[PDB]
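Visitor: Got a structure here, written out as structure tokens. Questions coming.
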Amino acid sequence: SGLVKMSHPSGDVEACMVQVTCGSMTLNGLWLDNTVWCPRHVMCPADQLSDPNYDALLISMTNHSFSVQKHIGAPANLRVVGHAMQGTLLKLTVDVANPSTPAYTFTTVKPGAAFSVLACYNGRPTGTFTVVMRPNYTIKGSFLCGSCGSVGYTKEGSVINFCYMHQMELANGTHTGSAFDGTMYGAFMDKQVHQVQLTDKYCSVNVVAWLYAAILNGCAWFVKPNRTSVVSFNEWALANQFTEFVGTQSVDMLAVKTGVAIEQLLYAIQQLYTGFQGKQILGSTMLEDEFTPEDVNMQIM
Amino acid sequence: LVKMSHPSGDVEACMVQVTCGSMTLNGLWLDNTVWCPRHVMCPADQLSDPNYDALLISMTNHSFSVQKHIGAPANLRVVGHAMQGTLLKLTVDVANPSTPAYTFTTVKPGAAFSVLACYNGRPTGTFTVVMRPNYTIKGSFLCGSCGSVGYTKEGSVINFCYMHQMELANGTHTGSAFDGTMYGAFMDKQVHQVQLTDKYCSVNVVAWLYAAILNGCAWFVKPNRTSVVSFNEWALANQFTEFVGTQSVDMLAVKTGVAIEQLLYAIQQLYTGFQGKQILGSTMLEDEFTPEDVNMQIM
Ligand SMILES: CC(C)(C)[C@H](NC(=O)C(F)(F)F)C(=O)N1C[C@H]2[C@@H]([C@H]1C(=O)N[C@H](C=N)C[C@@H]1CCNC1=O)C2(C)C
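As structure tokens, then:
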């Protein structure tokens, strides 16, 4: 069917991973120029992790409280000379700028958008994969203990956009983290207390993209003349666990290429949601919302 | 359970662009050798059935050009060309300073490897595939992707196992092992070629059922068992591969209590239909996760 889960080559980001340690707590960090980023629950002792006091934990610290090492590529003479708190992240200043710092930005990711994740353990990259920010502001990653501070990113021209630093696993196999302004996706708390997510929805625009990808690979039995307006679809969606459909130029390109209108697919989504009646789309019997329109454009062209 | 692949920095440092006349594609730069698919020598017109022996003869001392775009750029000087099955070994006068420790393996069907997709010698994407029972992969490759490289990483050693060569009649792909021989014996020539029928990788379906049981979804576990011998006889007539168990599958059986043979019987049932229910959110047998996947990701 042509659609694999593709990630950005991780070499750029691999060169920026470090191990942050704070006493005997240790996790992963991002070394960009003279700054190391890592989640702030590294100051916390396991005992006090159930209801900690980060401002208290912070004034407790000085530069000497933190140690940063680099285990990958050229070794790791790193002296912390500054430290600040920023939302749920620590902002350490180190005395050596990273020579491997890529061109980069900090931007928050919206639901339905896809990014690449570099899973790291003790400052060592181990695996990469790709996730879609869910409507309930979680991601379904593969994160084992020691993975906090793993980094999520997308790439533009030469510009890496860092968008996600791992922090937590909720009661399902479900993860959340921070943007690089310190805020947490979905407003979860970096405290080991029971926290429930909101119910998830389908990303409508991605389901439309996948449907276009089927029409592009000669699977179009679900296409009829009938149409549902966008405004009509978004009303129906509020009551059916579906996100507002918001069009883009990527979607529009697929509409022109296949010659099938958005409104035709919004209608089909409404019929396929009640069940495929035992037929198959691209090898599947359920709606798929993990491929963005940009992905279909890249892979199917 | 996510489709997860090896971080690619090491392999990115070995990708280069090989150029021959008016043809260009990717190559791999190890020590003093650049590997790449031999049809770089074939003019676009004459791919229909080429004479690779003649083409290598017609090569001169500057018929090949190799550029490194990633990292510190460089023009590498070719100082010798050899063929080996469906690959060229070009010798260059500079050794890749970023050559990692590597080996040249050949994936058996069912095995998963990481792919680094390149265009014009620049990496653009990485994904993971399982070598299919019919020796194709379901990749995402466009034109210019030839010479893209598949690998696994045992410890700190990179196991190079695939160099990409062609797209078959469906959206399916195949390429060379690094001994120059093409998975599935497809030919590097532009002709219609028949792939054999695919099959489910029995041991991966077994792995996936274990990942279900590990995650609470154990409804399909009845006390009935089918023996490996029995199942294998059944597989020959139900599009399944011969089951060959491993120490990795045994880990899943020990940390679970369910025997390999119970799940072999379950597969004979689930093949007929899920009877309404679902396993890990699915209504079909999943066979793209290996026992090592389930071990690593549900430790
Ligand atoms: C798809 C096409 C009809 C063009 C053809 N297929 C068959 O000829 C078949 F029918 F035999 F398979 C085919 O792939 N090629 C024709 C010619 C080389 C190869 C080729 O251009 N390969 C590129 C990788 N080296 C990548 C391709 C580009 C499209 N997507 C890919 O992955 C050789 C087989 C020697």
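Those sequence lines, one after another, are chains X and E. The working numbering applies: residue 795 is where the first sequence begins, and numbers increase by one. The working numbering applies: residue 631 is where the second sequence begins, and numbers increase by one. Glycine included, C-beta positions come from ideal geometry on N, C-alpha and C.
1. Could you tell me if X/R873 is buried or exposed, where buried requires 16 or more neighbouring beta carbons within 10 angstroms of its beta carbon?
2. May I ask which residues mark the beginning and end of the alpha helix (DSSP H) holding X/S1044?
3. When Cβ atoms are compared, which residues of the stretch 875-886 of chain E fall closer than 8 Å to chain X?
4. By the DSSP assignment, the alpha helix (DSSP H) with X/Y996 in it spans what residues?
5. For a test of the three-state rule: what should DSSP assign to X/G946, helix, strand or coil?
6. If the cut is a Cβ gap below 7 Å, which residues of chain X does E/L772 touch?
7. Where does the unbroken alpha helix (DSSP H) through X/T882 begin, and where does it stop?
8. Check whether the Cβ of E/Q869 lies closer than 8 Å to any heavy atom of ligand 1, and answer yes or no.
9. So, does the CB of X/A809 fall closer than 9 Å to a CB anywhere in chain E?
10. Do three or more CB pairs link the stretch 724-741 of chain E to the stretch 641-657 of chain E at distances below 8 Å?
11. What residue does the alpha helix (DSSP H) around X/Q813 start on, and which one ends it?
12. What residues from chain E crowd round X/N916, counting only those whose CB sits closer than 7 Å?
13. Starting from E/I788 and walking both ways along the beta strand (DSSP E), at which residues does that stretch end?
14. Taking just the CA atoms, how far does X/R928 sit from X/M978?
15. Hey, X/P803 and E/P753 are a contact pair by Cβ (cut 8 Å); roughly how many whole angstroms apart?
16. Is the beta carbon of E/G774 sitting closer than 9 Å to the one on E/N656?
17. State the start and end residues of the unbroken beta strand (DSSP E) segment that holds X/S910.
18. Within 8 Å, do at least three Cβ pairs link the stretch 662-679 of chain E to the stretch 775-795 of chain E?
19. Alpha carbon to alpha carbon, what distance is there between X/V888 and X/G1041?
20. Considering only C-alpha positions, which residue in the set E/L826, E/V724 and E/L720 is nearest to E/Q869?
21. Do you know whose CA, among E/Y840, E/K829, E/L894 and E/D880, lies nearest E/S857's CA?
22. Just to confirm, are E/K768 and E/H803 a CB contact at a threshold of 9 Å?
23. Tell me whether E/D818, by its Cβ, gets closer than 8 Å to a heavy atom of ligand 1.
24. Sorry if obvious, but does the Cβ on residue 937 of chain E come closer than 8 Å to a heavy atom of ligand 1?
25. To the nearest angstrom, how far is the alpha carbon of E/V821 from that of E/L677?
26. E/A731 lies in the beta strand (DSSP E); which residues open and close that run?
27. With a threshold of 9 Å between beta-carbons, can E/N845 be considered close to chain X, or not?
28. Does the distance from the CB of X/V798 to the CB of X/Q1093 come in under 9 Å?
29. Quick check: does the Cβ of X/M1092 come within less than 8 Å of any heavy atom belonging to ligand 1?
30. With respect to the alpha helix (DSSP H) encompassing X/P1087, which residues constitute its N-terminal and C-terminal limits?
31. State the CB to CB distance for the pair E/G814 and E/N764, rounded to an integer number of angstroms; the pair is presumed to be in contact (CB under 8 Å).
32. Please find out if some non-hydrogen atom of ligand 1 comes closer than 8 Å to the beta-carbon of E/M671.
33. For the stretch 787-821 of chain E, which residues have a beta carbon sitting closer than 7 Å to at least one beta carbon of chain X?
34. Would E/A747 count as contacting chain X if we go by Cβ distances under 9 Å?
35. If the cut is a Cβ gap below 9 Å, which residues of chain X does E/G639 touch?
36. Could you check which residue in E/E863, E/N789 and E/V879 has the C-alpha nearest to that of E/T735?
Guide: The relevant details are as follows:
1. exposed
2. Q1043 to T1052
3. none
4. Careful: X/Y996 lies outside any alpha helix (DSSP H) and carries neither H nor E.
5. strand
6. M1095
7. Where X/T882 is concerned, there is no enclosing alpha helix (DSSP H), given that its DSSP letter is neither H nor E.
8. no
9. yes
10. yes
11. Looking at the DSSP string, X/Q813 is not in any alpha helix (DSSP H); the run it does join, the beta strand (DSSP E), is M811 to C816.
12. Near X/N916 there are no residues of chain E at all, since even the closest Cβ is about 14 Å away, more than 7 Å.
13. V787 to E797
14. 14 Å
15. 4 Å
16. yes
17. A908 to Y915
18. yes
19. 44 Å
20. E/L826
21. E/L894
22. yes
23. yes
24. This structure does not reach residue 937 of chain E, given that chain E is present from 631 up to 929, and the question cannot be answered.
25. 9 Å
26. That residue, E/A731, is in no beta strand (DSSP E); it is neither H nor E in DSSP.
27. yes
28. yes
29. no
30. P1087 to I1094
31. 7 Å
32. no
33. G801
34. yes
35. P803, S804, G805, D806, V807, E808, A809, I866, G867 and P919
36. E/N789
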